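Throughout, read-outs are computed from the coordinates displayed, never taken from laboratory work. Counting neighbours? That spans all protein chains shown, and the Cβs are built from the backbone with ideal geometry, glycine included.
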Amino acid sequence: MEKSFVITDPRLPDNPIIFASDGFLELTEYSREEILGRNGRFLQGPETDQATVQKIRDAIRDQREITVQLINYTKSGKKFXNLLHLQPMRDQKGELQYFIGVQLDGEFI
Ligand SMILES: Cc1cc2nc3c(=O)[nH]c(=O)nc-3n(C[C@H](O)[C@H](O)[C@H](O)COP(=O)(O)O)c2cc1C
Ligand SMILES: [Cl-]
Ligand SMILES: [Mg+2]
């Protein structure tokens with residue numbers, strides 16, 4: 001599959017997605033119109049582990065890189081195990097500019 005990633009802007013309210021790769025559209029079944037401007041949490045559902053979601057919150061708070069695995073859902077409701085890579089990206093002034101989130105689909109341990 002093509003590379004699945006989104007880029008968020010934490011200088012906007014609730015860190016919305018401002019770019020979604022074609023691979024992300026493919027992986028999640030959503031259209032670019034249905035993704036842009038929302039927080040990445042929209043992929044979570046009932047089976048998503050809340051301890052892992054907390055770990056994500058904390059990494060985003062402390063602006064630190066993290067890799068977690070967690071259950072997400074496609075538009076039509078299919079489960080998929082998301083090995084999610086989050087990385088802060090700072091400008092040359094050392095100010096947080098974006099977050100990049102890269103998803104790999106599958107059961108990875
Ligand atoms: C760039 C980026 C990509 C993200 N991608 C995903 C994702 O693919 N799946 C997911 O469940 N959460 C993803 N998140 C996590 C949620 O956006 C959110 O940070 C997490 O649920 C914790 O915050 P909350 O407790 O307010 O929901 C991503 C966050 C960022 C910054
Ligand atoms: Cl967030
Ligand atoms: Mg939540």
Per-region count, the range 66-109, residues assigned to a loop (DSSP other than H, G, I, E, B) and closer than 18 Å to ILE17 by Cβ:
2
Among the numbered criteria (1) under 16 Å from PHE99 (Cβ atoms); (2) more than 9 Å from ligand 1 (Cβ to nearest atom); (3) not aliphatic (A, V, I, L, M), which one does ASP49 miss?
(1)
Does the range 59-72 contain at least one residue that is of a type in the set (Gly, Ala, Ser) and more than 9 Å from ligand 1 (Cβ to nearest atom)?
no
Could we say that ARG32 is within 16 Å of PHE5 (Cβ to Cβ), of a type outside the set (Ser, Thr, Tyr), more than 9 Å from ligand 1 (Cβ to nearest atom) and surrounded by 11 or more Cβ atoms within 10 Å (Cβ to Cβ) here?
yes
Among all residue pairs at least 6 apart or on different chains, which show Cβ distances below 8 Å where the first residue, located in the range 14-42, is on the phi > 0 side of the Ramachandran plot and within 14 Å of ligand 2 (Cβ to nearest atom) and the second is in a loop (DSSP other than H, G, I, E, B) and not charged (D, E, K, R)?
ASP14/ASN39; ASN15/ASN39; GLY37/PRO16
Tell me which residues, restricted to the range 38-63, are assigned to a loop (DSSP other than H, G, I, E, B), touching a strand residue (DSSP E or B) at 6+ places or on another chain (Cβ under 7 Å) and over 16 Å from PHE5 (Cβ atoms).
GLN44, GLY45, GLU47, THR48, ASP49, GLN63
Any idea which residue in the range 35-51 is surrounded by the fewest Cβ atoms within 10 Å (Cβ to Cβ), counting only those that are within 13 Å of ligand 3 (Cβ to nearest atom) and hydrophobic (A, V, I, L, M, F, W, C)?
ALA51
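In the set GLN63, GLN54, which member is within 13 Å of ligand 2 (Cβ to nearest atom), surrounded by fewer than 16 Cβ atoms within 10 Å (Cβ to Cβ) and at positive phi?
Answer to the check: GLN63.
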When you look at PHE19, is it assigned to a strand (DSSP E or B) and within 10 Å of ligand 1 (Cβ to nearest atom), yes or no?
yes
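Scan the range 75-104 residue by residue and report those that are under 25 Å from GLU26 (Cα atoms) and more than 13 Å from the chain's Cα centre (by Cα).
The answer is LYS75, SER76, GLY77, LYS78, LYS79, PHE80, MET89.
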Those residues that are acidic (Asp, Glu) and touching a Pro at 6+ places or on another chain (Cβ under 9 Å), I need them from the range 5-53; list them, please.
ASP9
